[PDB]
Amino acid sequence: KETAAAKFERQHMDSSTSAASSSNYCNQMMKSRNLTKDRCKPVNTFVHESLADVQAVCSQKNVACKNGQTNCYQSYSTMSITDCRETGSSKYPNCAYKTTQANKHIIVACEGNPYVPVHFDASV
């Protein structure tokens, strides 16, 4: 089993690039981060900022999560992100994704000591 913090890093962190490198970025990343193993994860966002900057969001703007939880936080600044979503021709195990680059605020749920992100809620 993964820790919640480690699962967040695997699913959502990509500090190795400033932005998605091509239209094939999501197909490659969803596969290599093991999000196409048991099924095609339908939707997933990657954040192209340092781990430190993303972890810092847990000390920023406290807001509600979409489900009503009170431990969500919105980044004060916008961040480079890539949205990955399954597209029409996608059929497990042949997963297919649309890559959309953007620059916006991220909202994450935080837990633990240290208090770190454990869920990606949305971007604004």
# chains A, B, ... in the order shown; residues from 1 in each chain; ligands from 1
$ residues_around --residues "range 97-113 of chain A" --least-positions-apart "4" --cutoff "8 Å" --atoms "only C-alpha atoms" --output "ChimeraX atom specification"
/A:19-20,23-27,57-58,65,71-87,90,117-124
$ closest_residue --among "A:4, A:21, A:96, A:88" --to "residue 41 in chain A" --atoms "only C-alpha atoms"
A:96
$ select_by_dssp --residues "chain A" --states "strand (DSSP E)" --output "PyMOL selection string"
chain A and resi 43-47+61-63+72-74+79-86+97-104+106-111+116-123
$ select_by_dssp --residues "chain A" --states "alpha helix (DSSP H)" --output "count of residues only"
22
$ atom_distance --atom1 "CA of residue 43 in chain A" --atom2 "CA of residue 94 in chain A"
15.3 Å
